[PDB]
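Listed next as structure tokens is one chain, alone, in the form deposited in one PDB entry.
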């Protein structure tokens, strides 16, 4: 079975490796220019043509892809719209690997949003690509638990591991033909957009648990959850939730505890502005905080 692949990031790399292990002939890989593996380097190393146009929804690319005559198309964490004029070129269809328990968390950054929302589980889904983005029928879905101490990076590795497990068996299954797919129920779908810097802004009137989840959701290597001490921005890299004061006020400086709408949030590590990461107690002194 020959295929044209759209891929990026660790998921893109493992998807390409899985296709290769399943005997697929990858005619070309479409990716993006830039801690994760490089799909371009993997393609370059495997001798697979690789392209990184900013936008493929143009006849120039439709024709180039048509000439490659893919039987099937795969999208593994490609970040841009691949329009139907391209996807319809593959008689066996197009399939996308999405990092959530679809229909929940369609859209962008499901890895981060499930942590923001304090979900206790998430998963990977391989689904048919239809007109409507992330809504096509499910070939297979594999759930993973989210542990209280998982942060974006540890959950990312778990998702990649699940993706490897899922693809290892589903790719050969697709090679044998159409699989009876599971329809997504629109009434159960949720969709998220790309996260803006504002989406990681800590608002102290919220419950400490919610803020703690935000810290976990964008912990290093992600940008970090942030707030301000007056006009000084600071980032909270790691935190701890604790069980009678104005929200946002300092309860203690060592450890650094901030009163929230409910409970308190201990800033275990963080940084002031673009300064270096330090323990919360030191950050408190750096920011001029006092009980």
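Numbering follows the first chain given and starts at 1.
**Student:** Neighbours in the displayed sequence, residue 34 and residue 35 may still hide a gap; how many deposited residues lack coordinates there, none, 1 to 3, 4 to 9, or 10 or more?
**Tutor:** 4 to 9 residues lack coordinates between residue 34 and residue 35.
**Student:** Just how many deposited residues go unmodelled from residue 230 to residue 231: none, 1 to 3, 4 to 9, or 10 or more?
**Tutor:** In the record, the chain runs straight from residue 230 to residue 231 with none unmodelled.
**Student:** Quick one: say whether 94 to 102 or 191 to 199 has the higher mean Cα B-factor in the deposited entry.
**Tutor:** The entry gives the higher C-alpha B-factor average to 191 to 199.
**Student:** So 12 to 20 or 273 to 281, which one's hotter by mean CA B-factor in the entry?
**Tutor:** If you average the C-alpha B-factors of 12 to 20 and of 273 to 281, the larger mean comes out for 273 to 281.
**Student:** Between 224, 247, 59, 53, which carries the biggest CA temperature factor in the record?
**Tutor:** Reading the PDB entry, the winner on C-alpha B-factor is 247.
**Student:** Just to confirm, going by the entry's C-alpha B-factors, which of 216, 157, 143, 185 comes out highest?
**Tutor:** In the PDB entry, the greatest C-alpha B-factor among 216, 157, 143, 185 is found at 185.
**Student:** What third of its chain's C-alpha B-factors does residue 170 belong to: lowest, middle or highest?
**Tutor:** Lowest third of the chain for residue 170's C-alpha B-factor.
**Student:** Taking the chain's C-alpha temperature factors as the reference, tell me which third residue 252 falls into: lowest, middle or highest.
**Tutor:** Tercile = highest for this residue's CA B-factor.
**Student:** Sorting the chain's modelled residues by C-alpha B-factor, tell me whether residue 118 ends up in the lowest, middle or highest third.
**Tutor:** Residue 118: CA B-factor falls in the middle third of its chain.
**Student:** By the record's CA B-factor, is residue 148 among the lowest, middle or highest third of residues in the chain?
**Tutor:** As the PDB entry reports it, the C-alpha B-factor of residue 148 lands in the highest third of its chain.
**Student:** What third of the chain does residue 68 rank in for C-alpha temperature factor, lowest, middle or highest?
**Tutor:** Highest third.
There is another form of this protein, the form solved in complex with a small molecule, and it is not shown here; the text below is about that form.
**Student:** Heavy atoms, 4.5 Å, the small molecule in the deposited bound form: which of 38 to 46, 61 to 69, 246 to 254, 220 to 228 makes the cut? Say which one.
**Tutor:** Stretch with heavy atoms near the partner: 220 to 228.
**Student:** Among the candidate residues 104, 164, 195, 158, which is the single one with a non-hydrogen atom no more than 4.5 Å from the small molecule in the deposited bound form?
**Tutor:** By the 4.5 Å heavy-atom cutoff, the listed residue in contact is 195.
**Student:** Only one of 137, 90, 140, 109 has a non-hydrogen atom within 4.5 angstroms of the small molecule in the deposited bound form; which is it?
**Tutor:** The residue from 137, 90, 140, 109 that makes the contact is 109.
**Student:** Look up in the deposited bound form whether residue 79 has a non-hydrogen atom within 4.5 angstroms of the small molecule, and give yes or no.
**Tutor:** Residue 79: contacts the small molecule in the deposited bound form.
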